[PDB]
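Only one chain is given next, in structure tokens, and it is the form deposited in one PDB entry.
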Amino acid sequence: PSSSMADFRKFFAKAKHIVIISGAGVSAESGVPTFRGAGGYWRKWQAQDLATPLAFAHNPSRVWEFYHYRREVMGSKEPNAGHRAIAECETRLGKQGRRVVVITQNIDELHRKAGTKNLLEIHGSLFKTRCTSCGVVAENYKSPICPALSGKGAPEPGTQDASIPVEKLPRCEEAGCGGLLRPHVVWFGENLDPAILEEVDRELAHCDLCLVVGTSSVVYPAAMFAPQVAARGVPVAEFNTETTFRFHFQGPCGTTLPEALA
């Protein structure tokens, strides 16, 4: 797999429909905790313990504390140079009639905060709710999302459950509903939204260039997407911090992407 930036730039100059698959590395470069890897814990748990329907079912207060913490944490985080290079790329090429689309597993909206408009959030967002009764999806940036969660969600091991009664957790504000909100995020063991998958598949089908950033082409979720793009003969360029498709560029996305997408 080539590491010739100058060859990649020749493809990039000619591309009219770029798909950018964005993974967790792009978020880790902004200091966003993932609660996934080795060492990534919230109290005594990781994401696979709390990001589950069963966990929300048994202890919705605890799960909301976890997600409340992740929302409020975002007030001190910023998009990095990788985010910015990707958004600036969409803006510039859009003025030329050229399409850029970002397909991300990240739920922290730093791509949006950087200015990306063409964004497919395949795991949802920290800043969207979904009513477990009526299914309405709504934007929610309120700090705190409800009064009972003010000051809750502390991550230190040893923090006690807030044990908020389900009635004082975030409730649906649709007239005549009032059901219990959940985070509008895809949990472990859950289906992706099929309308999103359909949109993903149309982009993968039409693109002439595909970028995989901050993750590996060989693992979920990019493994779902890059191979069928590569199968059609479309070049795929990987930007991650591994030591090993047409291109692989080693390093933080914030270092390589500004040059690659200039």
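Between two forms, the rigid core is defined as the largest C-alpha subset superposing within 1.5 Å. Shifts are known only where both forms have a C-alpha. Residue numbers run from 1 along the displayed sequence.
We do not show the form deposited in another entry, though everything after this point is about it.
Kindly specify the one residue in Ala205, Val219, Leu54, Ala195 whose Cα moves by 2 Å or more between this form and the one not shown, with superposition done on the rigid core.
The residue that shifts is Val219.
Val218 and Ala15: their C-alpha distance differs by 3 angstroms or more in the other entry. Do they come closer or move farther apart compared with the shown form?
Compared with this form, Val218 and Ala15 lie farther apart in the other entry.
Sense of the change in Cα distance from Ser216 to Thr52 in the other entry - at least 3 Å versus the shown form:
Closer, not farther.
Counting only residues modelled in both forms, where do runs of 3+ with a CA shift of at least 2 Å appear between this form and the one not shown, relative to the core?
Flagged stretches (3+ res, CA at least 2 Å): 38-40, 216-223.
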